[PDB]
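These values consider heavy atoms only, across backbone and side chains, with no hydrogens, waters or symmetry-generated copies. Proteins come first, then strands; the chains are lettered A, B, ... in the order of their sequence lines, and each starts at number 1.
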Protein chains: 2
Amino acid sequence: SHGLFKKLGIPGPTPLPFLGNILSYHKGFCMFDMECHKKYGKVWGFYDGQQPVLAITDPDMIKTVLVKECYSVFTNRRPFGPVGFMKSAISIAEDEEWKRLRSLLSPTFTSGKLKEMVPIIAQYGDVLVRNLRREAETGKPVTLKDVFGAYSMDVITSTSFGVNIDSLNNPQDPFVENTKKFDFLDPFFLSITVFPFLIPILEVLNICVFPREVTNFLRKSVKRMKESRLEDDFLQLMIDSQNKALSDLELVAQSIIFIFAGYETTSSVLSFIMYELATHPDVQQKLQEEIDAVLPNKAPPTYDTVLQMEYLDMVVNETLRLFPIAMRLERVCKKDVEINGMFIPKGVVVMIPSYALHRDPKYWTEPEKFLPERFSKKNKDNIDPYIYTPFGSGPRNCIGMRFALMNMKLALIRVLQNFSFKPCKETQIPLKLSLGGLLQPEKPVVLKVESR
Amino acid sequence: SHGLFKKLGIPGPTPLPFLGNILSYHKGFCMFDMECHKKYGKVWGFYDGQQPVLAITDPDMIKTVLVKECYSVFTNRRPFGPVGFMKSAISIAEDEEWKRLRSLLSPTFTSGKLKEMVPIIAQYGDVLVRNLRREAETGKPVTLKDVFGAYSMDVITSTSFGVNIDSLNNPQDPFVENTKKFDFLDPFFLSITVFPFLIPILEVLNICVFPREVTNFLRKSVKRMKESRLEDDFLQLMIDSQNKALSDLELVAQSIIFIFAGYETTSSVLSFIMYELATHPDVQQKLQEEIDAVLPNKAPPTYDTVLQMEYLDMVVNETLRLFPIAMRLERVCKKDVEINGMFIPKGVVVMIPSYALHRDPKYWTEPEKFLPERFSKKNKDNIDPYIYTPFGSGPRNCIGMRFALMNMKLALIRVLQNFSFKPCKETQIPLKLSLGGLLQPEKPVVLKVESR
Ligand code: HEM
Ligand code: HEM
Ligand SMILES: CC(C)(C)OC(=O)N[C@@H](CSC[C@@H](Nc1ccccc1)C(=O)NCc1cccnc1)Cc1c[nH]c2ccccc12
Ligand SMILES: CC(C)(C)OC(=O)N[C@@H](CSC[C@@H](Nc1ccccc1)C(=O)NCc1cccnc1)Cc1c[nH]c2ccccc12
């Protein structure tokens, strides 16, 4: 099984029996992809256990996988388990059941439904400022992921179920616990990659990478909410759709996906931004000046004034370049195909190393340096959309891209209208990324906060 | 494998392929043991999957297993897994490592160390009264397991680490969460009994019936406490012992056992008592009168005045007869032996059905009726210590029996000095026991509480 890439003429590191190349994940996926990109070039291979993985870095070949041949060949991602009833979640579902779900859930994320969400997402930005001010009037540094997490949590439960909580002042509420509760290099998932034949063992055991309790809490919580608005957010838009149509437990599963999607991602991207803003204080001033020009007297951001801000889009995009939280994009090749002159055998995982491509000196000058001007309208043209892909690409890209950018930008506008963020003695500079299996900081980001 | 009891001449229900007799657990262990005791007699057999289990009800034969041949033959209980680092917990450990631990932990539970604990256990009884009074001055019924659990939780963290919390008013404290977080007939453990060859699968996966997070919280919490009192309760008595000696992670493991031991047990026995007191109001008055005679002016109970109360011991004992939380006692037979004229082959689990023996009409008149006078000093003599065994018997019996009886009695004395407990319209009468795999009520116990 370990002779595949040795046959196809594709180069790669020598796999060990059973382990494959996974000992090379000791420095984390990011550092391993970079070294492979360096040693090997435009295409290489390795083995997650006995699983072949082909990394590709040609943007034409990437467009073929993510777009051109998405429906025919590269339709699903690597099988993930054990998942239990979470098999019906859009990001996990496969082939025609993914296609059905993606459609039933697509109108949820239009710019029209997104503009209805602005006045609601704009209300918890104010709850955020007062929690910062209480820690700004105090003095003690601030841990961003705490305060940003509490905010991102407040946007989720409101934009997805209607529930309204100040989590930072209500850590022991009715749903704030369950909803705060996957390291792909921890003892568990490495044991998967080596023993992926033990996934089916756990699926007959009802054991789940989603704890059987959080899921049990929201499965019944939804069916209370469902039989409450009926008759008298995401949950509403999904229930209206099933009026081939969406099921009840299918509806719970997409809710659970939308929560992790907008909790740790939204709150962890904001912390990469605030770290970079705090360590590049001119970019902070330029941003503060642009907000006050569009929104004078700290005017409330509207859906339209947010898209009006260009230097804010440049800042977000550049932070997503340095910290693309997905790290890699992946598609399971389901047929023997020949894309851009290369034969891909059936069953091979095709992987795009986003992190490595975002930091490639062949496409980016000074790629470690935080330089937002790359995304100025003068230079935004010269950027290859299949090299910089923080939301993936093609029919299977991030369905909540628009919502995530709008959610994070409404947060930043209000927060930078009232605060400046300074490095602390305890602030990790330069921020070390987690040697583990997540795109997260080694030490969490602590910063000083001052009231304008 | 299913031909064993068919060969030995022992009667039993016909086992199905792979499942054995476990479909017969549908009404719970209790009802199944009673029916088997009824249909079959003094000795019978069944199969937990391919595991042979021999039930015995002769008190001479039981004394042989629990006492006479405990060290030689019947030393450990049924293998339990997956357990991870919790293998070193006294109740799980085996043979010489159990013997070493039982010794290193025995002086902890002397009546001398227990008398030092009284003034501390007496302090949270007052915290209990004021939480009841707030729900007694209000009116709304009271769920006993909530308020009793909060109390039992407060005694644990104090008598085992020194930490002091009012959990009922601090549900979101630093340790109250972790510490509040096994149904042997849920989807998981039935899958064990049928696939017990999958336990070793999980032990190479670090997966644990103890969540990897609660254990991680207390493993480090202990090693903070350890290097804090050093230098400047159970944890202290264990640390003094290791001065063949107790280890560090061994010390964490016994702490985790002492917590579940005194949290759900203590708080669930108190609720069986309060249910029975509320549904037999004369027994409540007789008890209230005896406390006021020993402790006039609601005098504070002392270690000695608690043992002075006889009708209180009768009440506890009779409640433990009707609801012996263990349900069964068990020992793995490690040699071919012939005890009381019966050949026991190696590897067979020997089981004593406590619940069924506590309700046997051959030893108890009106065994369902709650009749505390069975344990009056006139009739306490005529009770067979190998028929009524709420704490087991012999070298492997409950190490915290004395502590549990003292802990529960200090609770009852203070609570009955200030409250009467009435049935509510919502009170489940007659209380149905959980059809599941726990000795717990179907519906939780709700009762009215009135201030004396
Ligand atoms: C900064 C925020 C976010 C980033 C950078 C991000 C990034 C990504 C990426 C890279 C993918 C895979 C794309 C591919 O394979 O081509 C993805 C998929 C997905 N995202 Fe996001 N995401 C973010 C937030 C969100 C939010 C707020 C939601 C809310 C619903 C969401 C919902 C989803 C779903 C459902 C998928 C799977 C789509 C499918 O398989 O059909 N994401 N995201
Ligand atoms: C009403 C309260 C309790 C009851 C009815 C009870 C009952 C039992 C029973 C039946 C056993 C098995 C005995 C045997 O196999 O012969 C046992 C064992 C045990 N109990 Fe308790 N228990 C109670 C509370 C506690 C408490 C508060 C502790 C605190 C440390 C504790 C610690 C233990 C330990 C460590 C074992 C295992 C002993 C060994 O395997 O060496 N128990 N209990
Ligand atoms: C297994 C691997 C790495 C080879 O393959 C994956 O990718 N398995 C995905 C696992 S199940 C999809 C789901 N995970 C999740 C995680 C924790 C709790 C609940 C759900 C998901 O979508 N959460 C929202 C999200 C996260 C990040 C960006 N946006 C949206 C993990 C995954 C990471 N980023 C993805 C992007 C699209 C689809 C899946 C993923
Ligand atoms: C597996 C079976 C049923 C065939 O065999 C058992 O019995 N496996 C015992 C499991 S591991 C011992 C440990 N469980 C535990 C449970 C949850 C969290 C943490 C620990 C334990 O001791 N908790 C204290 C206790 C509970 C009840 C009375 N007193 C003390 C389950 C068990 C039930 N009652 C016992 C009495 C003695 C020893 C073990 C048990």
Side-chain angles (χ1 to χ4, degrees), chain A residues 18-19 22 49 81-86 146 149-150 153 165-217 219 436-437, chain B residues 18-19 22 49 81-86 146 149-150 153 165-217 219 436-437:
Chain A
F18 298 114
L19 303 179
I22 66 165
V83 285
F85 84 104
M86 291 292 303
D146 282 354
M153 168 127 296
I165 298 182
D166 180 21
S167 287
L168 202 95
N169 291 280
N170 297 267
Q172 70 285 343
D173 251 42
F175 335 97
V176 181
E177 278 179 349
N178 291 263
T179 45
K180 183 180 68 65
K181 304 181 172 179
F182 294 155
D183 204 352
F184 275 110
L185 297 174
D186 64 30
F188 181 76
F189 285 94
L190 260 214
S191 291
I192 287 180
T193 285
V194 179
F195 317 142
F197 55 100
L198 299 192
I199 303 181
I201 295 220
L202 313 177
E203 300 284 26
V204 76
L205 302 205
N206 199 12
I207 309 174
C208 192
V209 297
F210 310 82
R212 202 39 71 167
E213 52 157 16
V214 176
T215 60
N216 280 340
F217 184 70
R219 267 172 65 176
Chain B
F18 298 114
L19 303 179
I22 66 165
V83 285
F85 84 104
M86 291 292 303
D146 282 354
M153 168 127 296
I165 298 182
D166 180 21
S167 287
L168 202 95
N169 291 280
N170 297 267
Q172 70 285 343
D173 251 42
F175 335 97
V176 181
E177 278 179 349
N178 291 263
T179 45
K180 183 180 68 65
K181 304 181 172 179
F182 294 155
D183 204 352
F184 275 110
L185 297 174
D186 64 30
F188 181 76
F189 285 94
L190 260 214
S191 291
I192 287 180
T193 285
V194 179
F195 317 142
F197 55 100
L198 299 192
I199 303 181
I201 295 220
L202 313 177
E203 300 284 26
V204 76
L205 302 205
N206 199 12
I207 309 174
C208 192
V209 297
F210 310 82
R212 202 39 71 167
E213 52 157 16
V214 176
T215 60
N216 280 340
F217 184 70
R219 267 172 65 176

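With a 4.5 Å cut-off on non-hydrogen atoms, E213(A) does not touch chain B at all.
Counting heavy atoms of neighbouring residues, nucleotides and ligands inside a 6.0 Å radius, atom CZ of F18(A) does not exceed 12 of them.
By a heavy-atom distance cut of under 4.5 Å, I201(B), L202(B), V204(B), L205(B), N206(B), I207(B) are the residues of residues 200-210 of chain B near chain A, going up by number.
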